Amino acid sequence: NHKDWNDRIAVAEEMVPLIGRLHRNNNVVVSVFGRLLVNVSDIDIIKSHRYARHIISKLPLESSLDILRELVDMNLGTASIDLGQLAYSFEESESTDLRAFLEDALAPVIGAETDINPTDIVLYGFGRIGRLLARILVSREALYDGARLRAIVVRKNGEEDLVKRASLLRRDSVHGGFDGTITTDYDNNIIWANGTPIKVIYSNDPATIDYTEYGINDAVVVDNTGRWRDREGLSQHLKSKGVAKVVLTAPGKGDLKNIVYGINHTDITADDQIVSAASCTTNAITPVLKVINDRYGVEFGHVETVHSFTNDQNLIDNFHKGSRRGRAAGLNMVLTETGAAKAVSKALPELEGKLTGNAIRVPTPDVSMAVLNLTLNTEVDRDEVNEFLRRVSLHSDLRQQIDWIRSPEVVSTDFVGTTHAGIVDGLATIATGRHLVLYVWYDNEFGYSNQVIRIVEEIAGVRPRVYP
Amino acid sequence: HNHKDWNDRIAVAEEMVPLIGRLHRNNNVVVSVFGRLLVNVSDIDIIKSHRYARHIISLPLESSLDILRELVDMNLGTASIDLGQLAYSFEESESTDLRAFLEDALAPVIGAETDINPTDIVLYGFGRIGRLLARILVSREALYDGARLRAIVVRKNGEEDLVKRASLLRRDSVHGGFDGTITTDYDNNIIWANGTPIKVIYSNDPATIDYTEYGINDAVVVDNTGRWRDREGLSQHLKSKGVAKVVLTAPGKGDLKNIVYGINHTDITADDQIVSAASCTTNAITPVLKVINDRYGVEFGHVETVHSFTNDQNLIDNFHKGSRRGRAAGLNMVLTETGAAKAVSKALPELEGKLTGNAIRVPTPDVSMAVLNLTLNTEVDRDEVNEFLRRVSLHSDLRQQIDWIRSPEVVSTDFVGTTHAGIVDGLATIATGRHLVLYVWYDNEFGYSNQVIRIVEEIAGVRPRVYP
Amino acid sequence: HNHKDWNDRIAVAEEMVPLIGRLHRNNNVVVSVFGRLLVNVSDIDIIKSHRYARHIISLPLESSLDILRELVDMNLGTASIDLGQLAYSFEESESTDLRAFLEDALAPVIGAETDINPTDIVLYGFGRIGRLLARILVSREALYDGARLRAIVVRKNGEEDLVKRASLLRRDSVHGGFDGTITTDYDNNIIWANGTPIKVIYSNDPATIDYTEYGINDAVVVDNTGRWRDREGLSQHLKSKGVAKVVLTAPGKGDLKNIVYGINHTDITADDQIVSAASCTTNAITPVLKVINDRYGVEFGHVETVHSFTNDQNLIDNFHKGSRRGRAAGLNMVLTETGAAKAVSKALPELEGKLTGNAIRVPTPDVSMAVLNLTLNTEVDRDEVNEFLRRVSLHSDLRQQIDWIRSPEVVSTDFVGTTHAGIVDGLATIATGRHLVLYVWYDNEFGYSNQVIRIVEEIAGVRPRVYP
Amino acid sequence: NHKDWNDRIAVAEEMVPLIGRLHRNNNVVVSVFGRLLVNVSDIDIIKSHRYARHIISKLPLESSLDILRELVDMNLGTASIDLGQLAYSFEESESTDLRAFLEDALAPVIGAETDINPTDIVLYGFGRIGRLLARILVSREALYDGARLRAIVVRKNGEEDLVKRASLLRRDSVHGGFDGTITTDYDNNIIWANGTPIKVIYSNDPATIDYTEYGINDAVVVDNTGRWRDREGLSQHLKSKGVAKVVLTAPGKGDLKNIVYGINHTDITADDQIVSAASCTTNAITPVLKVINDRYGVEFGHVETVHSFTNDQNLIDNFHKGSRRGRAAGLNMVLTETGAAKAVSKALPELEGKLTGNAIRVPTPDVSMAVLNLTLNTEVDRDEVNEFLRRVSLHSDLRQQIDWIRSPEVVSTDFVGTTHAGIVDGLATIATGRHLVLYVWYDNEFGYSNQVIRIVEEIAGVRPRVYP
Ligand SMILES: NC(=O)c1ccc[n+]([C@@H]2O[C@H](COP(=O)([O-])OP(=O)(O)OC[C@H]3O[C@@H](n4cnc5c(N)ncnc54)[C@H](OP(=O)(O)O)[C@@H]3O)[C@@H](O)[C@H]2O)c1
Ligand SMILES: NC(=O)c1ccc[n+]([C@@H]2O[C@H](COP(=O)([O-])OP(=O)(O)OC[C@H]3O[C@@H](n4cnc5c(N)ncnc54)[C@H](OP(=O)(O)O)[C@@H]3O)[C@@H](O)[C@H]2O)c1
Ligand SMILES: NC(=O)c1ccc[n+]([C@@H]2O[C@H](COP(=O)([O-])OP(=O)(O)OC[C@H]3O[C@@H](n4cnc5c(N)ncnc54)[C@H](OP(=O)(O)O)[C@@H]3O)[C@@H](O)[C@H]2O)c1
């Protein structure tokens, strides 16, 4: 029941000023477990406070209100503060006064520096992944001000260019409208998105740009074009003045590291100039396969993905590079080569030779569904596997790469806009002797984009740290 | 233009939020800027929403923030105050004091009834129209608390009905998620939607329900079944104890008033028990035609409505009322009959015998387009007609019904969720001689449902009163 | 290869046509080449159809044309003669005379009953399955004249029913036009379909029809309503005078035999009054699984069926039996429950407890794909499994149920109209160790309907007899 | 009724040998009004004989059988002989013997030459129009042997090229399977389609091909690429050795003639080296507008086309040259610039300045619908306009460019594969004072393709002549 709804609103209204003071004065983003309370409607704060059951026992707004009331005068510097962890492991201390507990558990923060130098991001390409990257980058510059989108690079076409590019960022048939205002300065070739000025750079050669011409230096280029997937090709960006590092939103060929965030971002070194974020399916299934292989062992795995179509395919039957992709995407079920076996082996080198996979592309514009047919080296029960994945999903350090649900009503549309790389549908799970079958949802556009943003911030050094 | 000043703009908005929130709680006042609310919206919409005030007068946030701090002290009643109207006719006036002006432009309210009695709404049916009526009734209850959704009536199917119907309100392939929480209480057969308890009532006969059992009386029933379109049928509802009035979401047959809100809602009298809201197409074009007819003249007019499919139709060819309407809705363009021309002429009898039209149904799930080919009694040029409709849509008494837009690249999905009954695509207007072509978009589901909600509020006597 | 000889090939075929046509008229003989008819087909199909005889033995047209001229003189009866079987085991024999061979391979027929008594078929319902049953019954009446469609039964809607239902049989968004003419006789409530008069009978109660009124007796009813899936319900039909047997186009509940033709149709006895044809998915995969299970062994098996939507579902989210099944069928990928695994195990009880599966519904209107993940009791290689299924599909007793194909670029629309219950995509087969992945296409509407037509012909005693 | 069906079949079976003798011996294609009886099932011959009511009073097969029985020994040379016109205006002579009448009315033909030298056709491009052109060309080489498809030109890609190109001709998601067999000779880069060997030529420069290298000379290049629409560009083909003439399947810019067959093909001269077939909509509406403007006079016309999407558009929102075309075609109604006003003025120079037009692109893969809003210079009645268009459609020399129907059941799917440029839906027609509104269907892929084939045969000199 919700007979208490209006009080819940009323406490959250008390919370907003406090939340926003810590933001503007102390650069402190307040969260409740995974979920932000910053730049957010009162009703969202309610919804997110309900959510805390799904990790803890029972979370009332007052405990948040009281930690916030005692955080306003604690002279804090920048940091992400989880209001919920502070509630739980205060109650499990256990002794008031609250203040005392906070000053202790938020020690490194108190009095720390409230500014960090941001890092310039350039999007090379501005397509489906490119633009969702730009949305996220603009949201997070407003939360954290760590990575600044400064520019996009597109080829010169036909001089209404700029208006269409801004419109493609303002609007999306699938992802709906941009959270903010998008204005265009035609004279200086800039798209303004909220606070952020995005220079549009016209070029046919990734190697002959002087980014310093636009006040860009030391930039991470996120190439979302996919025209170059080998080191020799991606190396073109490093010839452009202003470029420190390159992230490919696609499987990199040869020696290029393929990085699945949460799983092998610790193998990114200071010296790695060129890195790749793998594919959407790779990011969807690799957390899961790694976690299952370490616990139970995977003799063999097949992946079938029932996948949304992408923009390389054709509205109507016509020629195409790949397998059967050139048949009309919106009228057909299409059997397609996935590279996901090979990709999963790159990042988990221990499953080399043990995996096969295949795609079926169907008439939807976003969101996909991996089916993992897994032969284990141990006998397993269904509820034990569900509970161990729910645990990883909700409390492990792959918390943000993996979600777990037991919703009997959700379908592909409901996953549009999810921030996880992979969402295990728990009701579906099958286990029988050594056989496991897992079903994984992913928003292949946005879910993947979020992984790429995380790679970009590790590389830039501006991942926020969460206390405690 | 630019957004060099965006972080400045956020700052102010945020000093507004606690003050907008006082008024709403303490004084039951909703605050707007030329018809855009600032209650239960982000800081970003407050920025957007003061920005679009250049369309109207030709507005700094401080003018609002200066206004607001006068209204926390003023012993105010229940009102929809506009900050925009209040600033314009302060400048273009003899000016200071501020306090003095806001206590004379706002005499009617200062110390008044802060609470009207709400009126109980029953939703008979709970499909595509009914569930959006629910979403609006719920969020307008938070804003104004005039009309309260009390109950839906459906037929008993299984024993898992209640939870399936809660799901249907919580998620939607087109309209996305409910803004709030939906909880189900099985013991009492209640869907909670934010603070709103919605009784589920199960009945095969609209005539044999004592609504007073469930605490409901003098209710308006919004029959969104489509089952009964004549007086006899809809009179069934009046036989049920607790029912005062009936609103049909559809063209009423025979002698039933068909109401297009903004145009002829004043034809509703206190003894009118049963009212009709006409079709989506009628609501979308009647305003535009009347405005065009009053200003230039209409000699002749053709309507082609290019229209989304509706749920009565068929995924794959099968039986239906009409031969063409039952063929695979998602695989065909379907030329079909429209009642619009005859229905437009009911409401505008001055156009009786001057109008024709057809409908073509296409594989989209929501949003339609009316193409209006008008021979006029007068010569027009494209830029002049545009500016006329732009003025009509900003200043006229049909603001809420008519919007006009200049935006490029816009397509049908961008109009999901729009509040206006019809939106004139400025870029598409064609005008040569006495010949005019207008393109009018409409969210046949949500746009139309907002018009239904205005009739309901009108019948019930709770149209918010907007001052001054 | 080439077609340097194509105009030569047409020439011969055309000297066949008048002779194939004699046999059919005079002697009630249908002529085929390894299971492909040459009656009421183009000259081009006769070329195609002698060409695909290299798949089987490893065939000149003259061998056929030489055969034919012997059969115009031979006082022949009613038979489905194969020209292919007759040529192969003439060469690989002691050969001339030709006349002598064809009067000893074809002793059973030479001078026999040229006319069997047909059996009256009633179609109860007339939707997606029923109308394709009609198309098959009509064109098989021209070929064999064993089962005759006599009547459909529908509920009275309007007074333009008859013509709407004639239209539904004449046109189809997926299956294209009826091959023939459909005429309506309103006075007698008859749809003419080529030479076939189909009575339309209107009834709310399957139990209260004297079919003998309309000249129908000892009929098989093919209940394609879906309404009644148990013995009690389907027994209603037997209470109607004129009814002998009932065939349900669906999995029958309880104790009703579920029949997969090619596999267990011999379980039908003369005292079986009510029979079930199982689901599309069951018909598509049961044959393949049994063949794979007999040859290698099945230790474990998972089925994912990627499946077209069906007409019970919803264009746009609304109520349904299942929560997920009622969401917008054309906008979503929908993970849902399948009965297939349990139904496969009914028919193959040797696989009881070794099978699992799920279904995903996608926005296509017809044609589905079963993905079979099989752990086998034996090691297999891709090329060997392929050649096995290829042999099974050409030579085995499940030829009509199983096809195998090597063709590139094939996608779901190319399988509309296919006669086989399931078609193995050769290119997609994956095999490594004991692990096998098979992809089986099926026209869930037309393929399945052909299996229904085989049960019907079997129950009725009119399976064409194919010699020698 | 069809109680006489089997006799109808039986007479047509007598007809087939005769039809085919005249074909193979005399190169004589027999037709009944518009419809061929050659390479066609018996049931088609029936259907086409029914059709003759729709032009005449009552047509029985026997009159066809008897004209054919007396045509077999009349020593005829090549010609198209309409069996129906010969039936009508024999009965309206009137005197037997039949023979005498034929030898007189088929005078020019008797004893004439039975061979004509064919013309080599090259398809530059092999996309949606290209391949339908290839289907038609292969059908008509088998009927008339006037234009021979010899080659396609595609750019060099990635070496599975040839198999995909053959597969794209074999199969089509919308147009279904090819009528014949398609084999590939990989060694000589040939696609065999039935009798016809198609050389695949790989080139990046239309100007540097020696077509004589492949035994091609004096060829009409049908450029269906649309990369070059100006004379300077199309002139590139004339530099290639082997090229006589060029036909652009698109509006040609500048001085290039835009040819709508039936309407201005008489303006093609012996000296015109480069000609264009206009657009699909232009071909759909120009017959109609010309015919209406000559009778009644067109003050002003607007065209709205509700148009299928084409392959230049995007599955999902992305950048694009044109207006709003880059939004996702399968999810949206999209307002688009048509050039059809300008195009219709080119071919009808008399409507210059009097026409506007617009497209709405909707989620269908083929078939479109023009709505013509016409202000006339005369008052008109509805039935008189319907009857005058039905007359033009069925008996004028634009018979094949225009059809007329009064079918209450047909929708866009039913027009796939129509051979007319434009099909007027007569039930829809509106007329009121000086205002006419006409609705025109067209299969924008195939309908247009057929017009282009006709242009190709006029230019080649191999249009067949029909007697009488
Ligand atoms: N664009 C639009 O959709 C649009 C716009 C304007 C007006 N309209 C009109 O609004 C009406 C509702 O349309 P809709 O699209 O919302 O239809 P819908 O989605 O089919 O919803 C209709 C609702 O009414 C219920 N219902 C139907 N027949 C009933 C009966 N005999 N007894 C009780 N309940 C019954 C349904 O029951 P279940 O939930 O059990 O199926 C469902 O809840 C129609 O008259 C339509 O013409 C529609
Ligand atoms: N892929 C497939 O479609 C497929 C394959 C295998 C088996 N099945 C099964 O075959 C059955 C038929 O499915 P379908 O897709 O053909 O359904 P459909 O297209 O809805 O056709 C069902 C037909 O039965 C009629 N009907 C329904 N309820 C009735 C009732 N109470 N009394 C009398 N007639 C009634 C309908 O009447 P109206 O014409 O008046 O609407 C319609 O003629 C279902 O059980 C389904 O599970 C379907
Ligand atoms: N409704 C219709 O589709 C329709 C109707 C009437 C007229 N038209 C016009 O007909 C033309 C063809 O349209 P379509 O729908 O057939 O387009 P399409 O399906 O894209 O076919 C284009 C063909 O031309 C080739 N091509 C494209 N650019 C080329 C280049 N620079 N050099 C060489 N070859 C090139 C393509 O090569 P690949 O195969 O390698 O991709 C393909 O074979 C267009 O101008 C269009 O406006 C279309």
Side-chain angles (χ1 to χ4, degrees), chain A residues 157-165 167-168 171 315, chain B residues 304 306 362 369 371-373 382-383 385-386 405-412 414 424-432 435-441, chain D residues 226-227 229-230 248-254 258 276 278-286 289 300-314 317-329 332-347 351-364 368-373 440 442 444 448:
Chain A
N157 193 305
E159 213 65 54
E160 273 277 347
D161 216 300
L162 194 61
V163 152
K164 275 144 162 172
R165 299 267 183 202
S167 187
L168 284 171
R171 294 176 198 282
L315 289 157
Chain B
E304 269 318 302
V306 188
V362 299
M369 158 65 74
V371 174
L372 299 184
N373 272 74
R382 181 184 168 256
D383 298 352
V385 179
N386 276 176
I405 69 162
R406 199 188 202 305
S407 192
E409 294 303 289
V410 299
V411 297
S412 56
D414 310 312
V424 179
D425 196 316
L427 296 186
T429 307
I430 306 155
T432 181
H435 301 99
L436 175 62
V437 206
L438 288 187
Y439 300 75
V440 185
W441 298 104
Chain D
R227 178 58 161 63
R229 275 159 29 78
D230 65 346
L248 172 70
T249 64
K253 294 182 187 170
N258 278 231
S276 89
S279 79
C280 43
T281 293
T282 304
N283 275 260
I285 68 182
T286 290
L289 287 170
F300 170 98
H302 181 78
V303 192
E304 268 309 312
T305 186
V306 179
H307 204 288
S308 281
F309 57 61
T310 62
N311 203 220
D312 61 295
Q313 302 188 242
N314 295 336
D317 298 12
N318 251 317
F319 174 98
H320 189 85
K321 226 154 181 255
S323 46
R324 320 182 201 195
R325 264 170 188 253
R327 304 294 298 278
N332 291 288
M333 281 181 216
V334 188
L335 290 189
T336 327
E337 304 164 308
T338 192
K342 203 79 74 166
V344 163
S345 307
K346 285 203 163 154
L351 298 163
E352 139 73 292
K354 308 184 176 163
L355 286 184
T356 59
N358 188 51
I360 313 190
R361 297 257 179 131
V362 301
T364 50
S368 307
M369 146 68 51
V371 158
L372 300 160
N373 271 106
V440 191
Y442 47 129
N444 46 294
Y448 175 83

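Proteins get letters first, then strands, A, B, ... in listed order; numbering begins at 1 in each. Just the heavy atoms: all of them, side chains too, but no hydrogens, waters or symmetry mates, feed the values below.
The backbone N or O of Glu337(D) lies less than 3.5 Å from no partner atom in the side chain of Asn358(D), so there is not a single donor-acceptor pair. In terms of modelled atom types and a separation under 3.5 Å, the side chain of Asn314(D) and the main chain of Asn318(D) share a donor-acceptor contact. With hydrogens and angles ignored, the 3.5 Å screen pairs no side-chain donor or acceptor of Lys164(A) with any backbone N or O of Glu409(B). In this structure a side-chain-to-backbone donor-acceptor pair under 3.5 Å is present from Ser368(D) to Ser308(D). Not a single donor-acceptor pair under 3.5 Å links the side chain of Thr282(D) to the backbone N or O of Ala278(D). Using a distance-only test at 3.5 Å, with no hydrogens or angles considered, no donor-acceptor pair links the side chain of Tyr448(D) to the main chain of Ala284(D). Panel note: side chain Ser167(A), backbone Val163(A); no donor-acceptor pair is recorded below 3.5 Å.
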* To do: Tell me, with the steps shown, if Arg361(D) and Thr305(D) meet side-chain hydrogen bond (donor to acceptor under 3.5 Å, both in side chains).
  => CA-CA 8 Å; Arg361(D) 297 257 179 131; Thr305(D) 186; over 6 Å; no
* To do: Please lay out, stage by stage, how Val362(B) and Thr364(D) fare under the test side chain to side chain contact (heavy atoms under 4.5 Å, CB included).
  => CA-CA 8 Å; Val362(B) 299; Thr364(D) 50; 5.9 Å; no
* side chain to side chain contact (heavy atoms under 4.5 Å, CB included) between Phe300(D) and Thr432(B), worked out -> CA-CA 9 Å; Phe300(D) 170 98; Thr432(B) 181; 3.4 Å; yes
* Could you go through the salt bridge (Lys or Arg N to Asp or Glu O under 4.0 Å) check for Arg171(A) and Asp317(D) one step at a time? => CA-CA 9 Å; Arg171(A) 294 176 198 282; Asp317(D) 298 12; over 6 Å; no
* To do: Check the pair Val385(B), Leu436(B) against side chain to side chain contact (heavy atoms under 4.5 Å, CB included), reporting the backbone distance first and the verdict last.
  => CA-CA 9 Å; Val385(B) 179; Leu436(B) 175 62; 4.0 Å; yes
* Going through the distances and angles, do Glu304(D) and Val306(B) end up as a side chain to side chain contact (heavy atoms under 4.5 Å, CB included)? -> CA-CA 11 Å; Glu304(D) 268 309 312; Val306(B) 188; over 6 Å; no
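Contact check for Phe319(D) versus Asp161(A): side-chain heavy atoms found under the 4.5 Å cut-off. Proximity of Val371(B) to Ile360(D): side-chain heavy atoms (C-beta onward) are separated by under 4.5 Å at one or more points. Taking the side chain as every heavy atom from C-beta outward, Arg325(D) and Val334(D) never approach each other to under 4.5 Å. At least one side-chain heavy atom of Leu355(D) sits under 4.5 Å from a side-chain heavy atom of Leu289(D). With contacts defined as side-chain heavy-atom distances shorter than 4.5 Å, the pair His302(D)/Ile430(B) qualifies. Counting heavy atoms from C-beta on, the side chains of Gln313(D) and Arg327(D) never come closer than 4.5 Å. For the pair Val303(D)/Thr338(D), no side-chain contact is recorded, criterion being any heavy-atom separation below 4.5 Å from C-beta on. Using a 4.5 Å heavy-atom threshold, the side chains of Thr281(D) and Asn283(D) count as separate.
Dense packing is recorded around CZ of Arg382(B), with more than 12 heavy atoms of other residues, nucleotides or ligands lying under 6.0 Å away.
Distance check: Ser345(D) OG to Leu351(D) CG gives 6.5 Å after rounding to the nearest 0.5 Å. Between the CG atom of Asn373(B) and the CG atom of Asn373(D) there is a distance of 3.5 Å, given to the nearest 0.5 Å. The NZ atom of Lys321(D) sits 10.5 Å away from atom CG of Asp312(D), with the distance rounded to the nearest 0.5 Å. Summarising the geometry, atom CG belonging to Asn332(D) is positioned 6.5 Å from atom CG belonging to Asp414(B); distances are rounded to the nearest 0.5 Å. The distance from the CG atom of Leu335(D) to the CZ atom of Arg324(D) is 4.5 Å, given to the nearest 0.5 Å. The distance from atom CE of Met333(D) to atom CH2 of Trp441(B), rounded to the nearest 0.5 Å, is 6.5 Å.
Scanning both residues, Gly252(D) and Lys346(D), for their nearest heavy atoms gives O-NZ, 3.4 Å.
Ring geometry for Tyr442(D) against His307(D) counts as perpendicular: the plane angle is over 60°, on a 0 to 90° scale with 30° as the lower cut.
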